[PDB]
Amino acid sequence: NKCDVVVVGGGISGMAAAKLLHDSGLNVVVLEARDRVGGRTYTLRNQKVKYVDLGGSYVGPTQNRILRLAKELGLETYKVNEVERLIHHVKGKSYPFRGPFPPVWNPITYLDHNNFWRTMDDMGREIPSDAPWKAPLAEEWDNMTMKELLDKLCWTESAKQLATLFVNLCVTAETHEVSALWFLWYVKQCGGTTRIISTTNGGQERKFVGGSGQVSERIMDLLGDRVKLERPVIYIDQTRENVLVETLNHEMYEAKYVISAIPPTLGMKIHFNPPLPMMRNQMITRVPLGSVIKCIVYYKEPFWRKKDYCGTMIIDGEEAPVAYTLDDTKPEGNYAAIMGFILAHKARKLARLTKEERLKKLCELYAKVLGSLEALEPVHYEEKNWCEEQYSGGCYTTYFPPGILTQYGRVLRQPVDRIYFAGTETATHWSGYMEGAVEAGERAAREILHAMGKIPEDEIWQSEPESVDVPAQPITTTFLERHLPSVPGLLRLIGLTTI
């Protein structure tokens, strides 16, 4: 009933906010719609898999907040398998490789690929992490889709196809669905193209031993009965001295302040009194989440390793249900498994099938890509289609269609009276990830501490010491990567020698 702060949502962001407030001596309550905490993280436990992350799983260098929070809760990481070769499967054939990107041998195609990644990062440097609408060409870039930008930048079909797969995997959406400004912001605020796509030295380097759901569960353990499960919030009333928060199961909570720690569009599920200001009222109808089915196929052994494949497959082509896989074998070497994502329109297309039908298509694909009949012999299968979740809306995160980020982006984390906004979507570093959820939950909690006169303004945003366990190597380029011309740059050089 009565408290200092109600936190709406018990995902990592709400849990990190509640913990900070609790540790600071305030009385907090977390109102969580589901019968569990964790939100877009979910660790399933059963005897066939031991444990498996069906939602968010990976962490890596530069994600220092989630690493610190998880360490403090007694959790450990291990490295995703990348010992053996990666595979790029394109036009029905597999090409093994090492390094962040498949090698390109054709010199023209090489210039085009090099220029594409370079230009993504060059554009990103123009876009402030905390205010992307302030980029010099924000309007021009927000008024085109990523499809339009790829059409302009890629002088080869090879580059355009790889770039397409890159966008679909990063943000679980099609290139024509998303704003170019927003996508360029999203990549830059994860540290750039190499950092976002990499396993070793990148976002996919590690997983938590025992699953990421432990982060939210262990914070629930610390907070005790302060976390109220099966309490979907339906109504927030700020017309009186204390804020009133009502739940679906007929309970009323009264607080000094509220943190909204849910995906922005899911604010639609709450009726507000007084009504939200115009810009937020419309913003929350303009910000969908992406579409993904996360699928894990189990085998007797990690047989791909014997063929010198690590289990990472980048798979192009419309017929392939899964465009990206990673080895999901336990660190002990047992419960061998391949994790794959069914992305964007394919999540919609293939949701029609049964579980058994999707397992069959995945095994047939993996058998072809790995050149291995053993892939047709799974021992177990788990999957989760995040598009079906009422209290998530999709995964991994919210995308912005053309025109929205410049017109409505300013209000995403703007307080509304005594409501402050957390959730990974409001982060400025690794927004969309477990890391961004921690950044945003703690920042929102500190906004409230500042409102209460407990901390000064300069303490609202707080830097994070680098993890000693997962240090980050710098992202570097070569002289030739920096200075080689693009294809039109080369054509201009050719024109000039002729003139």
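In case it trips you up, residue 1 is the first one in the sequence shown, and so on. Basically, rigid core = biggest C-alpha set you can superpose within 1.5 Å across the two forms.
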Quiz item: Which is farther from the shown form in 9 other deposited structures of this protein in C-alpha RMS with the core fitted, 100-108 or 333-341?
Solution: 100-108
Practice problem: Look over 465-473 and 31-39 in the entry and identify the one with the greater average Cα temperature factor. | Solution: 465-473
Self-check item: Mean temperature factor over C-alpha atoms, higher-scoring stretch between 95-103 and 196-204
Solution: 95-103
Quiz item: Considering only 54, 440, 449, 66, which residue's Cα atom bears the greatest B-factor as recorded?
Solution: 449
Quiz item: Which of these has the highest Cα B-factor in the record: 328, 148, 332, 388?
Solution: 332
Practice problem: Divide the modelled residues of the chain into thirds by Cα B-factor and specify which third, lowest, middle or highest, holds residue 49. | Solution: middle
Practice problem: Ordered by C-alpha B-factor within the chain, which third holds residue 226? Give me lowest, middle or highest, please. | Solution: highest
Quiz item: Which third of the chain holds residue 280 when residues are ordered by C-alpha B factor: lowest, middle or highest?
Solution: lowest
Quiz item: Lowest, middle or highest third of the chain for the C-alpha temperature factor of residue 350?
Solution: highest
Quiz item: Lowest, middle or highest third: where is residue 308 by Cα B-factor in its chain?
Solution: highest
